[PDB]
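**Student:** Structure in structure tokens, see below.
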Amino acid sequence: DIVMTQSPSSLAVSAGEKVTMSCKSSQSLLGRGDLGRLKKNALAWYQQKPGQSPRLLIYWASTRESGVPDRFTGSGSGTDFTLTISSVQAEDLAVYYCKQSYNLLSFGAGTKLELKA
Amino acid sequence: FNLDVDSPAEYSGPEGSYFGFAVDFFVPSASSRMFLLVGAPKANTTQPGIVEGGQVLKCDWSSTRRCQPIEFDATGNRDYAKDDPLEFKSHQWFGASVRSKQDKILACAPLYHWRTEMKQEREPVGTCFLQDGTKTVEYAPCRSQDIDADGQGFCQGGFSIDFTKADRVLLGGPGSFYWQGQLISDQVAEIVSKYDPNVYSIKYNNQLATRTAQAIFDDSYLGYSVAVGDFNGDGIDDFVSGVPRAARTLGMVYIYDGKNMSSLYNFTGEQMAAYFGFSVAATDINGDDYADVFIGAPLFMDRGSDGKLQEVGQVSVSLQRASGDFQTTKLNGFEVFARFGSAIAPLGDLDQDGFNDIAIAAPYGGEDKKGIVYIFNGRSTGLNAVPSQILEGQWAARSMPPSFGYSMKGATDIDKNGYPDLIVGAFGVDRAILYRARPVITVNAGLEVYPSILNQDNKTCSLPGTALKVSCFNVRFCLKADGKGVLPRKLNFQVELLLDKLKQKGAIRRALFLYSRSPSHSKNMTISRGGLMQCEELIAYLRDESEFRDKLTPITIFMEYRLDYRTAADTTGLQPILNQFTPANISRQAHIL
Amino acid sequence: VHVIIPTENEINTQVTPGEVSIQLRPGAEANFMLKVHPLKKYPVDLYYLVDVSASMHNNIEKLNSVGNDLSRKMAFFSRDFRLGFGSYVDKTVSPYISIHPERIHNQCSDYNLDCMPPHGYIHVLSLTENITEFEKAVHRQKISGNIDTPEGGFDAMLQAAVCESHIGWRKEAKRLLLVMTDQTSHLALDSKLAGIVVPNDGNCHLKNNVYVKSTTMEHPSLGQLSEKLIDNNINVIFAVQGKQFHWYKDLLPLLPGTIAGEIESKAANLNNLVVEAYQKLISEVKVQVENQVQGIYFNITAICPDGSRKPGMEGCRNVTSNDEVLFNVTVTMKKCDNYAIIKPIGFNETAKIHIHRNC
Amino acid sequence: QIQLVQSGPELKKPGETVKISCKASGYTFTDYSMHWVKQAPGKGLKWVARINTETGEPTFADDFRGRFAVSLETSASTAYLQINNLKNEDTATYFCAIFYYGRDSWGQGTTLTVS
Ligand SMILES: *[C@@H]1O[C@H](CO)[C@@H](O[C@@H]2O[C@H](CO)[C@@H](O[C@@H]3O[C@H](CO[C@H]4O[C@H](CO)[C@@H](O)[C@H](O)[C@@H]4O)[C@@H](O)[C@H](O[C@H]4O[C@H](CO)[C@@H](O)[C@H](O)[C@@H]4O[C@H]4O[C@H](CO)[C@@H](O)[C@H](O)[C@@H]4O)[C@@H]3O)[C@H](O)[C@H]2NC(C)=O)[C@H](O)[C@H]1NC(C)=O
Ligand SMILES: *[C@@H]1O[C@H](CO)[C@@H](O[C@@H]2O[C@H](CO)[C@@H](O)[C@H](O)[C@H]2NC(C)=O)[C@H](O)[C@H]1NC(C)=O
Ligand SMILES: *[C@@H]1O[C@H](CO)[C@@H](O[C@@H]2O[C@H](CO)[C@@H](O)[C@H](O)[C@H]2NC(C)=O)[C@H](O)[C@H]1NC(C)=O
Ligand SMILES: *[C@@H]1O[C@H](CO)[C@@H](O[C@@H]2O[C@H](CO)[C@@H](O)[C@H](O)[C@H]2NC(C)=O)[C@H](O)[C@H]1NC(C)=O
Ligand SMILES: *[C@@H]1O[C@H](CO)[C@@H](O[C@@H]2O[C@H](CO)[C@@H](O)[C@H](O)[C@H]2NC(C)=O)[C@H](O)[C@H]1NC(C)=O
Ligand SMILES: *[C@@H]1O[C@H](CO)[C@@H](O)[C@H](O)[C@H]1NC(C)=O
Ligand SMILES: *[C@@H]1O[C@H](CO)[C@@H](O)[C@H](O)[C@H]1NC(C)=O
Ligand SMILES: *[C@@H]1O[C@H](CO)[C@@H](O)[C@H](O)[C@H]1NC(C)=O
Ligand SMILES: [Ca+2]
Ligand SMILES: [Ca+2]
Ligand SMILES: [Ca+2]
Ligand SMILES: [Ca+2]
Ligand SMILES: [Ca+2]
Ligand SMILES: [Mg+2]
């Protein structure tokens, strides 16, 4: 059972800005795969709009899911991962969750984006 | 040419054990008798709970032909915690690789797995058992805290082993660091002294090893095959290591300094997927006091006249020169898909000609893919590319080719005759076959004509019966012979002398021996080896000017000799052979005036 | 000494004469011209042999766009286009895979995605005219994994090429074997590490579409691989995404009849690779002779439409429709002691020559 | 197109048992596990359990034990989450999902309220 810490829980953004949020883990999420040194990170990001089921954006902390706009970039390694949204849109006002799958599956707290006014 | 392949000693093990997979010799400093070491990696042991654990057997030679297991390990799997096994010896392939230095026997199990302390898993780390004196210890240089694929967890230490004349053991562990491979070498004294059966991870102080590098070297399998010899003139045997997938699977052979592991040489193959470096060996093959390098590449494809690729197998040979440079030549195999070069086994100076000789296997060649072993003699110019003797497997495949020649070891004299012998495995049929070298006889064969100047006018002696005068000349010949090892003092030779035989049958022969009026004579000769030349003289004469085709021709005086091969044997029935690099057919010319 | 060219009804459309009979005496030579004339609008059998180890996940998902789009493009190069499908990973033995009871259950450390059990080679879809079945075979394909990066590509290829009755290769077709990967393959002697020292016999070993000798027999050599691919008239196309492409490219000289190209990092050219590879293969015409006749030697030179000459297996390039390539075949006898086969590589038709000796 | 169809809202009393279903379509149901995730009304997501339809064997989170059971009805490509002895803290939306990276899916969620 791996603990995920996600922050900040309340993120102020404005359309066109670069928006960042982070997730940290109690242990390394890096496992052994089909590549020698290029190990995959067992971490994915989801976007959940109010009243909706969540959608997958990023998996293995890098690769984007088909249909995901090229402004959602995930990166990181070990125990420290981030998500950056380039030119954030007013349509990206959703709660973002990070989920680890190194062993027992679990989710982070959730980061809510709201517009600056 | 002198190996006795007519009466070899045949040994066998349990069906399916792959008996004969790996072979070596056991020669204690003071046993007065030698044993063979024959591995059987899939043998069913008596150990409590181990299936196909593998074993090594000590085989006798004098008297009967029987093999018995060596108790390197007489227990089962040790526990780490209650109901939690530490190690998995099942299918460990113990006996897959065996080497011995006089009394010291090193036998490895490359597929041995263990859990590591941190968490449960099954890592193929590999272990070896080293026996000396009356004590046996476990050696496992990769069974440490550097675990997983980026460590030594997948090392398979003991995959390929050899010994250093400095009393060190060289272990190739091709799986280290994502299969980059690692060489680890340590001292026998450290391995035996620093041993504690309650310790899984043991540190040694005089250990040398290679190191991990960039990902571009992944999947190279360094330490796939190892060998030793002096390649820098420091008096210290260095480390030769095959790396079959190196350099974009061209394959490479590396030579590391045996004192500090600094790299000395890099041999690179030319053809992709020829698997250059499959098997490596080193020996002085030309009498230059420098170790020479022999590298197999069993999958090499040789292009024909239309560019068609024939998979035959290739062996690269290079001589070491004093300047530090190598002189490289190439030897190709003879049969398609036989995988020539799969095993290089120096024989030492098997034919006692002053140069070391080498046996090169081609395990899937010959009729029914029984397997072939080619013996190539040495010489001052390097290995002779032309084989002098060819050995073949004597068993049919039962489920797989006998793979005769898969593993071989030479340069050990078992029958004590001065001529080193050769053990060849054929594991596909669970057999091992020992060939012994025959003594070699070099013969000094003289032939002279007195006078060489002969004619129809100079009548000098009379014939028997009717005293007709003829032109006479004497033909002399003589023989001396010896060997370098144990040979019968009395050699039995057959010699035949012919006069003017070098012409079309039906033609008149001009020169006859006067005692019988015949152009031919043979004699039974007994010659003491190392003694005086035994000579004989016959008087020959020319036909007179009434019985001829011509008057002025050359006269060929021809001498042929051979061994009896009935009384020519030692106490075990081993017969000597005449040196096959010398003629036993010689001649002289006399001239008619 | 003579050459007999049969005037009997021929049973070949591309290679003629498909039968030649000659009479030799020691020191004699004889020759003839062999015609090779490629067809347009072939029946084409395309089999997808896909690497399904974990790193291929992001390329496999793009095969779902291949069925209908490729079928449309091939409409201008072929008359009857069929698709098939299968997959491979590696030999299911230590050290290539984990053998721990808990890890083998999931076959990966990723607990989000369900990895399928590892396997050597599995046939999934027989070659068929049904495009929908191809897309479905791909759509439900799960990803697997292993520990070692190199894959059992050559082993899977041999089975795909040899097991004709299971794959459904047509004789009346251009047989294309497409190998999709990003990593290099294992070699015949690599298997020693797993304790496999038993040679690959080159036979077919499928049961319920599953290769069952994968854990007892070693990988095939390149020599064995090219022999079987040519013998079964299969044109191999390699599609490689990584830098490993160059590894495959430089093995092409060792694998006659084989072509290779690159997969883009976005895998946006999967269909373009197949179509372009097909178009290049159809324009390359070369022959080889299988000569089992002792004492007899062959010397074959390609005579090209542009006036050039290319000896042996070099063949001619840029061959089109209504375009013949002539092969000059000379047979020379060195000694007295059967038949030989001369065939274009990658073609279904061959010419058999019977060589008699009057001694 | 992969779809997941869940049952509608449930109004339960304390101590009662609720069976929350999820019907799968558009794919080979028996080849993928199905995951259940709890979304408390105003909190983030918490993973509850997975059922591997290949074998029928469930796995649960360390916290979500005892009161939670998961079972299958493969004959209709569906799965059930059964929550026993419902407590007020069990009020949440329960989602079923497929987590294969290249073929995921979430259902609409079932709303469960406990008196
Ligand atoms: C036979 O052929 C073999 C090759 O198959 C050849 O051995 C190789 O030698 C080269 C050096 O020539 C090794 O490459 C590196 O060498 C440096 C030595 O430092 C000097 O040279 C570098 C330039 O390469 C200069 O910049 C430097 O100032 C010095 O002059 C080592 O320091 C390298 O070590 C790296 O790997 C270590 C792993 O433990 C790391 O700890 C270390 O920090 C280095 O990592 C680097 O790369 C990382 C990315 O992968 C990066 O993150 C790090 O920050 C850092 O930049 C390295 O050894 C090469 O590895 C050798 N290969 C093998 C297989 O041994 C033999 O010499 C040749 N023999 C003969 C007789 O011809
Ligand atoms: C070593 O012993 C094992 C165990 O008996 C042998 O393997 C068995 O072979 C029988 C057929 O004769 C099978 O029915 C069993 O299922 C096999 N068991 C296992 C665990 O594989 C094995 O052949 C023996 N090997 C040798 C060299 O004697
Ligand atoms: C090509 O394959 C598809 C897929 O199997 C066939 O379409 C199916 O037809 C059956 C009836 O036999 C229906 O029950 C399925 O629901 C259909 N599936 C789909 C996805 O439409 C199609 O009939 C086949 N066509 C030919 C000519 O063989
Ligand atoms: C080699 O392939 C060609 C092309 O598929 C075959 O030629 C066709 O054979 C079918 C069946 O008899 C005919 O209906 C077609 O009209 C033929 N095509 C042409 C262009 O004539 C040929 O028969 C195959 N030959 C062998 C020996 O397999
Ligand atoms: C095929 O090759 C033969 C030679 O093997 C060619 O015939 C020779 O032609 C040259 C003139 O260029 C003569 O000097 C030789 O004496 C001929 N030899 C024989 C055996 O006839 C033949 O022309 C070639 N055919 C084609 C189409 O190129
Ligand atoms: C190894 O020893 C030799 C002795 O001749 C020396 O020249 C070389 O520099 C040494 N290498 C290292 C790495 O110490
Ligand atoms: C084939 O013919 C060419 C052209 O005369 C010649 O150069 C080549 O050596 C010949 N090859 C053989 C194998 O006879
Ligand atoms: C040769 O091939 C090229 C394509 O690479 C093509 O454009 C050209 O027309 C061809 N030439 C002939 C004579 O067919
Ligand atoms: Ca040295
Ligand atoms: Ca030398
Ligand atoms: Ca010699
Ligand atoms: Ca001897
Ligand atoms: Ca692999
Ligand atoms: Mg892979």
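Letters A, B, ... go to the chains of the structure tokens in the order shown; residues in each chain start at 1; ligands are counted from 1 in the same order.
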DSSP says alpha helix (DSSP H) for which residues of stretch 107-302 of chain C? Put them as JSON, numbers by chain?
**Tutor:** {"C": [131, 132, 133, 134, 135, 136, 137, 138, 139, 153, 154, 155, 156, 157, 158, 159, 160, 161, 162, 164, 165, 166, 167, 222, 223, 224, 225, 226, 227, 228, 229, 230, 231, 245, 246, 247, 248, 249, 270, 271, 272, 273, 274, 275, 276, 277, 278, 279, 280, 281]}
**Student:** Which chain C residues have any atom within 9 Å of an atom of chain D, and for each, what is the nearest pair of atoms with distance in Å to one decimal, counting only C-alpha atoms, rows sorted by chain and number, as JSON lines?
**Tutor:**
```
{"residue": "C:57", "atom": "CA", "partner": "D:102", "partner_atom": "CA", "distance": 8.0}
{"residue": "C:58", "atom": "CA", "partner": "D:102", "partner_atom": "CA", "distance": 8.0}
{"residue": "C:61", "atom": "CA", "partner": "D:102", "partner_atom": "CA", "distance": 6.8}
{"residue": "C:112", "atom": "CA", "partner": "D:99", "partner_atom": "CA", "distance": 5.6}
{"residue": "C:113", "atom": "CA", "partner": "D:100", "partner_atom": "CA", "distance": 4.5}
{"residue": "C:114", "atom": "CA", "partner": "D:100", "partner_atom": "CA", "distance": 6.4}
{"residue": "C:115", "atom": "CA", "partner": "D:100", "partner_atom": "CA", "distance": 8.9}
{"residue": "C:116", "atom": "CA", "partner": "D:31", "partner_atom": "CA", "distance": 8.8}
{"residue": "C:139", "atom": "CA", "partner": "D:27", "partner_atom": "CA", "distance": 8.6}
{"residue": "C:140", "atom": "CA", "partner": "D:28", "partner_atom": "CA", "distance": 6.9}
{"residue": "C:142", "atom": "CA", "partner": "D:31", "partner_atom": "CA", "distance": 8.7}
```
**Student:** Pull out every residue of chain C that has at least one atom within 8 Å of chain A, counting only C-alpha atoms, and report them as a ChimeraX atom specification.
**Tutor:** /C:53-55,108-112,145-149
**Student:** Keeping only N, CA, C and O atoms, take the residues you just selected and write them out as a JSON list (two decimals), in the first residue's frame.
**Tutor:**
```
[["chain", "number", "residue", "atom", "x", "y", "z"],
["C", 53, "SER", "N", 5.80, -7.92, -26.77],
["C", 53, "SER", "CA", 6.42, -7.65, -25.49],
["C", 53, "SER", "C", 6.05, -6.22, -25.11],
["C", 53, "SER", "O", 5.67, -5.43, -25.97],
["C", 54, "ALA", "N", 6.22, -5.86, -23.84],
["C", 54, "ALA", "CA", 5.69, -4.59, -23.32],
["C", 54, "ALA", "C", 6.08, -3.32, -24.07],
["C", 54, "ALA", "O", 5.25, -2.41, -24.18],
["C", 55, "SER", "N", 7.29, -3.22, -24.61],
["C", 55, "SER", "CA", 7.66, -1.95, -25.25],
["C", 55, "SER", "C", 6.86, -1.66, -26.53],
["C", 55, "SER", "O", 6.87, -0.53, -27.02],
["C", 108, "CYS", "N", 4.17, -8.98, -15.07],
["C", 108, "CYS", "CA", 4.70, -7.63, -15.04],
["C", 108, "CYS", "C", 4.48, -7.02, -13.66],
["C", 108, "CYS", "O", 3.77, -7.60, -12.83],
["C", 109, "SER", "N", 5.12, -5.87, -13.40],
["C", 109, "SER", "CA", 5.02, -5.12, -12.15],
["C", 109, "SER", "C", 3.92, -4.07, -12.19],
["C", 109, "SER", "O", 3.68, -3.36, -11.22],
["C", 110, "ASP", "N", 3.29, -3.93, -13.34],
["C", 110, "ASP", "CA", 2.25, -2.93, -13.53],
["C", 110, "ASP", "C", 0.90, -3.49, -13.08],
["C", 110, "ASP", "O", 0.40, -4.46, -13.65],
["C", 111, "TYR", "N", 0.31, -2.91, -12.04],
["C", 111, "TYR", "CA", -0.95, -3.43, -11.52],
["C", 111, "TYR", "C", -2.17, -2.68, -12.04],
["C", 111, "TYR", "O", -3.29, -2.90, -11.57],
["C", 112, "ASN", "N", -1.95, -1.81, -13.01],
["C", 112, "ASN", "CA", -3.03, -1.08, -13.65],
["C", 112, "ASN", "C", -3.47, -1.89, -14.84],
["C", 112, "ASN", "O", -4.66, -2.16, -15.03],
["C", 145, "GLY", "N", 5.15, -9.60, -21.75],
["C", 145, "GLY", "CA", 6.42, -9.08, -21.29],
["C", 145, "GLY", "C", 7.42, -10.17, -20.98],
["C", 145, "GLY", "O", 7.14, -11.36, -21.13],
["C", 146, "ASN", "N", 8.61, -9.73, -20.59],
["C", 146, "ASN", "CA", 9.75, -10.59, -20.28],
["C", 146, "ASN", "C", 10.77, -9.78, -19.51],
["C", 146, "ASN", "O", 10.53, -8.61, -19.21],
["C", 147, "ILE", "N", 11.91, -10.38, -19.20],
["C", 147, "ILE", "CA", 12.98, -9.65, -18.53],
["C", 147, "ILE", "C", 14.01, -9.14, -19.53],
["C", 147, "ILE", "O", 14.47, -8.00, -19.42],
["C", 148, "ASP", "N", 14.43, -9.99, -20.47],
["C", 148, "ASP", "CA", 15.49, -9.58, -21.39],
["C", 148, "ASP", "C", 14.93, -8.83, -22.61],
["C", 148, "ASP", "O", 13.94, -9.25, -23.22],
["C", 149, "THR", "N", 15.61, -7.76, -22.99],
["C", 149, "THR", "CA", 15.17, -6.94, -24.12],
["C", 149, "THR", "C", 15.07, -7.64, -25.49],
["C", 149, "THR", "O", 14.08, -7.43, -26.16]]
```
**Student:** Which is closer to residue A:3 than all the others in A:47, A:79, A:20, A:87, using only C-alpha atoms?
**Tutor:**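 Of A:47, A:79, A:20, A:87, the one nearest residue A:3 is A:79, counting only C-alpha atoms.
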**Student:** Taking a cut-off of 9 Å and counting only C-alpha atoms, can you build a table that, for each residue of chain C near chain B, reports the nearest atom pair and how far apart they are in Å (one decimal), sorted by chain then residue number, as a Markdown table?
**Tutor:**
```
| residue | atom | partner | partner_atom | distance |
| --- | --- | --- | --- | --- |
| C:94 | CA | B:124 | CA | 7.5 |
| C:95 | CA | B:124 | CA | 6.5 |
| C:98 | CA | B:122 | CA | 7.2 |
| C:99 | CA | B:122 | CA | 6.5 |
| C:100 | CA | B:122 | CA | 5.6 |
| C:101 | CA | B:121 | CA | 8.8 |
| C:102 | CA | B:121 | CA | 8.7 |
| C:103 | CA | B:121 | CA | 8.2 |
| C:147 | CA | B:149 | CA | 8.2 |
| C:148 | CA | B:178 | CA | 7.5 |
| C:149 | CA | B:219 | CA | 7.9 |
| C:150 | CA | B:219 | CA | 7.7 |
| C:187 | CA | B:273 | CA | 6.9 |
| C:188 | CA | B:299 | CA | 8.5 |
| C:189 | CA | B:275 | CA | 7.6 |
| C:190 | CA | B:244 | CA | 8.7 |
| C:193 | CA | B:159 | CA | 8.0 |
| C:194 | CA | B:111 | CA | 7.6 |
| C:195 | CA | B:111 | CA | 7.6 |
| C:198 | CA | B:400 | CA | 6.7 |
| C:199 | CA | B:400 | CA | 7.8 |
| C:221 | CA | B:299 | CA | 7.2 |
| C:222 | CA | B:273 | CA | 7.5 |
| C:223 | CA | B:311 | CA | 5.7 |
| C:224 | CA | B:337 | CA | 8.4 |
| C:247 | CA | B:248 | CA | 6.7 |
| C:250 | CA | B:272 | CA | 8.2 |
| C:251 | CA | B:272 | CA | 7.0 |
| C:254 | CA | B:309 | CA | 7.3 |
| C:255 | CA | B:309 | CA | 8.9 |
| C:256 | CA | B:308 | CA | 9.0 |
| C:288 | CA | B:308 | CA | 7.7 |
| C:299 | CA | B:306 | CA | 7.5 |
| C:300 | CA | B:306 | CA | 7.8 |
| C:311 | CA | B:306 | CA | 6.9 |
| C:312 | CA | B:306 | CA | 4.1 |
| C:313 | CA | B:306 | CA | 5.9 |
| C:314 | CA | B:307 | CA | 8.0 |
```
**Student:** Would you please work out which residue, of B:325, B:544, B:537, B:349, is nearest to ligand 12 when using only C-alpha atoms and all ligand atoms?
**Tutor:**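 Selected residue with least distance to ligand 12: B:349.
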**Student:** Need to verify the contact set: stretch 327-330 of chain C, 12 Å, only C-alpha atoms, exclusion of same-chain residues closer than 2 positions in sequence. Can you return it as an NGL selection string?
**Tutor:** :C and (3 or 15-17 or 20 or 22 or 24 or 28-37 or 285-289 or 296-305 or 309-316 or 324-325 or 332-333 or 341-344 or 351 or 353)
**Student:** With N, CA and C atoms retained, export the selected residues as a compact mmCIF listing (two decimals), in the first residue's frame.
**Tutor:**
```
# COMPACT_ATOMS: atom_id res chain seq x y z
N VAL C 3 21.03 -29.70 -75.39
CA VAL C 3 20.00 -29.18 -74.50
C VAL C 3 18.62 -29.39 -75.09
N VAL C 15 7.86 -18.19 -65.07
CA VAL C 15 9.15 -18.82 -65.30
C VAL C 15 9.06 -19.84 -66.41
N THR C 16 9.82 -19.64 -67.47
CA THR C 16 9.78 -20.56 -68.59
C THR C 16 11.13 -20.65 -69.30
N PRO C 17 11.54 -21.84 -69.72
CA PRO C 17 10.95 -23.15 -69.51
C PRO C 17 11.03 -23.55 -68.04
N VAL C 20 13.88 -28.35 -68.08
CA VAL C 20 14.98 -28.46 -69.03
C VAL C 20 15.70 -29.78 -68.85
N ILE C 22 19.26 -31.87 -70.05
CA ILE C 22 20.49 -31.77 -70.82
C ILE C 22 21.34 -33.02 -70.73
N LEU C 24 25.38 -34.17 -70.78
CA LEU C 24 26.77 -33.77 -70.67
C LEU C 24 27.74 -34.94 -70.73
N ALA C 28 32.56 -31.03 -71.11
CA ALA C 28 31.52 -30.37 -71.88
C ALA C 28 30.85 -29.24 -71.13
N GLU C 29 30.25 -28.35 -71.90
CA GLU C 29 29.40 -27.31 -71.35
C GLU C 29 28.17 -27.17 -72.22
N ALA C 30 27.09 -26.69 -71.63
CA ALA C 30 25.88 -26.43 -72.38
C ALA C 30 25.11 -25.30 -71.73
N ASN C 31 24.31 -24.57 -72.51
CA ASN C 31 23.55 -23.49 -71.91
C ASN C 31 22.22 -23.20 -72.57
N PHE C 32 21.45 -22.36 -71.88
CA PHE C 32 20.14 -21.92 -72.33
C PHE C 32 19.74 -20.63 -71.65
N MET C 33 18.71 -19.98 -72.17
CA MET C 33 18.19 -18.80 -71.49
C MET C 33 16.92 -19.14 -70.72
N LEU C 34 16.87 -18.71 -69.48
CA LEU C 34 15.69 -18.87 -68.64
C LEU C 34 14.97 -17.54 -68.52
N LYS C 35 13.68 -17.53 -68.84
CA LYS C 35 12.93 -16.29 -68.80
C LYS C 35 12.19 -16.10 -67.50
N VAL C 36 12.29 -14.90 -66.93
CA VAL C 36 11.49 -14.55 -65.76
C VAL C 36 10.67 -13.31 -66.07
N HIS C 37 9.35 -13.44 -66.00
CA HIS C 37 8.46 -12.34 -66.32
C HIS C 37 7.38 -12.16 -65.25
N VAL C 285 14.37 -8.75 -59.18
CA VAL C 285 14.33 -10.11 -59.69
C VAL C 285 15.70 -10.76 -59.68
N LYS C 286 15.84 -11.80 -58.87
CA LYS C 286 17.09 -12.52 -58.72
C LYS C 286 16.82 -14.00 -58.56
N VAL C 287 17.76 -14.83 -58.98
CA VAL C 287 17.59 -16.27 -58.88
C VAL C 287 18.75 -16.93 -58.16
N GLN C 288 18.50 -18.13 -57.68
CA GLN C 288 19.54 -18.97 -57.10
C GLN C 288 19.32 -20.40 -57.55
N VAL C 289 20.38 -21.19 -57.56
CA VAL C 289 20.22 -22.58 -57.95
C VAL C 289 20.55 -23.54 -56.83
N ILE C 296 28.82 -31.48 -61.17
CA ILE C 296 28.22 -30.46 -62.02
C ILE C 296 28.20 -29.10 -61.36
N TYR C 297 28.61 -28.08 -62.11
CA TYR C 297 28.62 -26.72 -61.61
C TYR C 297 27.78 -25.78 -62.47
N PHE C 298 27.19 -24.77 -61.84
CA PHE C 298 26.38 -23.77 -62.54
C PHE C 298 26.98 -22.37 -62.45
N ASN C 299 26.86 -21.61 -63.55
CA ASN C 299 27.23 -20.20 -63.62
C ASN C 299 26.11 -19.41 -64.30
N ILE C 300 25.38 -18.59 -63.51
CA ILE C 300 24.20 -17.86 -63.98
C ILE C 300 24.41 -16.36 -63.94
N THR C 301 24.14 -15.69 -65.07
CA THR C 301 24.24 -14.23 -65.15
C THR C 301 22.93 -13.59 -65.57
N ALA C 302 22.50 -12.56 -64.84
CA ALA C 302 21.28 -11.86 -65.21
C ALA C 302 21.56 -10.84 -66.30
N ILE C 303 20.76 -10.88 -67.34
CA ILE C 303 20.84 -9.92 -68.43
C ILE C 303 19.66 -8.97 -68.27
N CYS C 304 19.96 -7.70 -67.95
CA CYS C 304 18.94 -6.72 -67.59
C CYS C 304 18.43 -5.97 -68.83
N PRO C 305 17.15 -5.48 -68.84
CA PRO C 305 16.52 -4.70 -69.91
C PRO C 305 17.26 -3.41 -70.28
N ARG C 309 24.64 -6.10 -66.79
CA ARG C 309 24.70 -7.51 -66.44
C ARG C 309 25.04 -7.66 -64.98
N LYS C 310 24.33 -8.55 -64.31
CA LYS C 310 24.49 -8.75 -62.88
C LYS C 310 24.56 -10.25 -62.54
N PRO C 311 25.73 -10.76 -62.13
CA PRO C 311 26.02 -12.16 -61.92
C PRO C 311 25.37 -12.75 -60.68
N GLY C 312 25.17 -14.06 -60.70
CA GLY C 312 24.75 -14.82 -59.54
C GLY C 312 23.42 -14.39 -59.00
N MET C 313 23.36 -14.19 -57.69
CA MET C 313 22.12 -13.80 -57.04
C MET C 313 21.93 -12.30 -57.02
N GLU C 314 22.78 -11.55 -57.72
CA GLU C 314 22.62 -10.11 -57.69
C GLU C 314 21.32 -9.71 -58.37
N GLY C 315 21.02 -10.33 -59.51
CA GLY C 315 19.77 -10.10 -60.24
C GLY C 315 19.69 -8.71 -60.87
N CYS C 316 18.48 -8.35 -61.32
CA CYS C 316 18.18 -7.06 -61.96
C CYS C 316 17.24 -6.22 -61.09
N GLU C 324 10.68 -8.38 -69.33
CA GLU C 324 11.30 -9.67 -69.07
C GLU C 324 12.75 -9.50 -68.64
N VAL C 325 13.19 -10.36 -67.74
CA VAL C 325 14.59 -10.44 -67.36
C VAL C 325 15.10 -11.79 -67.82
N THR C 332 28.48 -26.68 -66.53
CA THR C 332 29.76 -27.28 -66.90
C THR C 332 30.02 -28.55 -66.11
N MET C 333 30.54 -29.56 -66.80
CA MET C 333 30.82 -30.84 -66.15
C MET C 333 32.30 -31.08 -65.90
N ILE C 341 17.43 -27.30 -59.14
CA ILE C 341 16.35 -26.35 -59.33
C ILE C 341 16.81 -24.90 -59.37
N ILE C 342 16.41 -24.21 -60.42
CA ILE C 342 16.72 -22.80 -60.56
C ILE C 342 15.44 -22.01 -60.31
N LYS C 343 15.46 -21.14 -59.32
CA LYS C 343 14.25 -20.41 -59.02
C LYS C 343 14.53 -18.97 -58.64
N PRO C 344 13.66 -18.04 -59.05
CA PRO C 344 13.58 -16.69 -58.56
C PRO C 344 13.23 -16.71 -57.09
N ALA C 351 12.04 -23.54 -62.10
CA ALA C 351 12.45 -24.33 -63.25
C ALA C 351 13.33 -25.50 -62.82
N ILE C 353 15.86 -28.53 -63.76
CA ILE C 353 16.73 -29.03 -64.80
C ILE C 353 17.27 -30.42 -64.47
```
**Student:** Calculate how many Å separate atom CA of residue D:40 from atom CA of residue D:66, rounding to one decimal.
**Tutor:**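 According to the coordinates, atom CA of residue D:40 and atom CA of residue D:66 are separated by 19.1 Å.
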**Student:** Distance limit 8 Å, reference ligand 2, atoms considered: only C-alpha atoms and all ligand atoms. Which residues make the cut? Give them as an MDAnalysis selection string.
**Tutor:** chainID B and resid 14:18 42:44 51:52
